[PDB]
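Trainee: missing the sequence, but the structure's below:
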């Protein structure tokens, strides 16, 4: 039972860590979006980064 | 002689036209600078990683 209680507490800390992974309101790892697109040239063509949910 | 004297008015008119175009080119420098800045604004705003306040 002690090992099971430690396991569950570490599992909740994972949710805390993943939910706080934001930079000025945007995240590539908290699951809130499927991709982010950054500017690649002056015409506005994108540099996509696929989201990796954690 | 009267024909030669009337060329002074023609010269006055051509100089007036050059002055009008000079004022338009001075305004056009301002307008092209403003348009370049607006293009930079729209280019920055098209990024989706901005939060609402920056947009």
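Mentor: Nice, I can see it. Numbering: from 1, shown residues only, chains lettered A, B, ... in the order given.
Trainee: contacts and neighbour counts: CA atoms only from here.
Mentor: OK.
Trainee: for chain A, what spans make up the helices?
Mentor: All helices of chain A, identified by DSSP state H, fall at A:2-19.
Trainee: residues from it in reach of chain B?
Mentor: Remark: the part of chain A in contact with chain B comprises A:24-26, A:36-39, A:42-44, using Cα under 8 Å from any Cα of the partner chain.
Trainee: mind giving me the PyMOL command for buried ones among those residues?
Mentor: In PyMOL, selecting the buried portion of the residues of chain A next to chain B, with burial taken from 16 or more other Cα atoms under 10 Å in any protein chain shown, looks like this:
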select buried, chain A and resi 26+36+38+39
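Trainee: just send the residues of chain A next to chain B back as a markdown table, with distance to residue B:10 too.
Mentor: As requested, the residues of chain A next to chain B are arranged in a markdown table below (distance: Cα to Cα, whole Å):
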| residue | distance to residue B:10 |
| --- | --- |
| A:24 | 66 |
| A:25 | 67 |
| A:26 | 67 |
| A:36 | 64 |
| A:37 | 61 |
| A:38 | 59 |
| A:39 | 55 |
| A:42 | 48 |
| A:43 | 48 |
| A:44 | 51 |
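Trainee: so of the residues of chain A next to chain B, which ones are in strands?
Mentor: Using DSSP state E to define strands, the subset of the residues of chain A next to chain B located there is A:36-39.
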